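Below you will find one chain, with nothing else, as structure tokens; this is the form deposited in one PDB entry, and questions on how it binds or moves follow later.
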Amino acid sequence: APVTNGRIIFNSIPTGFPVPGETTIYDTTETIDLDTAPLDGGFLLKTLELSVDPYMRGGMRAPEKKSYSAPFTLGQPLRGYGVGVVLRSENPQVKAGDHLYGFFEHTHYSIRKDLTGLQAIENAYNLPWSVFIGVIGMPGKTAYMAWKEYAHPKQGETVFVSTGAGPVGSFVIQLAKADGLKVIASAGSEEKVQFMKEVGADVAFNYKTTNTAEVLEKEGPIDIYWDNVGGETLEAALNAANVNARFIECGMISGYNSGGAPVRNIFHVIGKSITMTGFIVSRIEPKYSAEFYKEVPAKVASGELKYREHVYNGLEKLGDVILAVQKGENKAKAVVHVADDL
């Protein structure tokens, strides 16, 4: 018999933080018959896990694709990264039981014509599906691929990782330790400092209680800076950089429209012979994707590569999770567990 196809609908444009029940609504007006719904040569896809990733620069938009992050449509579901399982297929590209990663609408079920925006997941070690939207998803790929492309590490160099406890930063710490580097890393809470230490940071500190410039003077100079914040932290890193340092520019704080904070000491790029490289993960992903999806699951399964997630149960909560993430209240990479797999 038909079942509810619940949906998190974009309902109004917020001027401040999103308001659950106003910005988003949980809508149960659609049903679907999983056995008889017409597929017309496509396939029926059951949502399992949905990522809630923060937005800021460019406003409320889908995660970036083609280097285009699209706005949402009022009255239609929100969207983001997810994992799902195929229930039924009339398409030779996929079969029942296949698990797929990519862009998902925030609904229990969807009917897809083909694999556009999706890829088969190889889960040889039977890891929890949610890892594929975190440590083995976009955040992990952001850390792994840019590290391999740009860090050019040498044994015993010193790296400073900003936002070091996050899904990207905590992976960077572990990549750096595996390359024999000394790691300095900072975050904004005690629990985050504890996680940075757990994953191997040599010098882990809370930038709200400890002077970043003082730490970098005592523990540097810095050969590699991994930038997730820009602004004052980037300026401090420039002041503490060694000659021939590499500054990997991953993210920067902004508002919807402000772009980023000024850099007032950029001459250090010349004086200290710094290579500062920005990147967007989708542009470099083709060079590393197969290696990433082969190697990273093994390191998760063995416990070598540590990660944290904050799981919230139920699609109906997703709008509340959006607000929690915008407020920084989630303890780790936010995941909405939509359904079990069986």
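Heads up, when I say rigid core I mean the largest set of C-alphas that superpose within 1.5 Å between the two forms. Residue positions are given as counts along the sequence shown, with the first one as 1.
Not pictured, yet referred to below: the form deposited in another entry.
With the core held fixed by superposition, the comparison between the shown form and the other one singles out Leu78 as the only member of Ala187, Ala237, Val183, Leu78 whose CA moves by at least 2 angstroms. After superposing the rigid core, the C-alpha of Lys141 moves by less than 2 Å between the shown form and the other one. Once the rigid core is used as the reference frame, the Cα position of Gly97 differs between the shown form and the other one by 2 Å or more. Taking the rigid core as fixed, one finds a CA shift for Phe132 smaller than 2 Å between the shown form and the other one. Relative to the shown form, the CA atoms of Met56 and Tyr101 are brought 3 Å or more closer together in that other deposited form.
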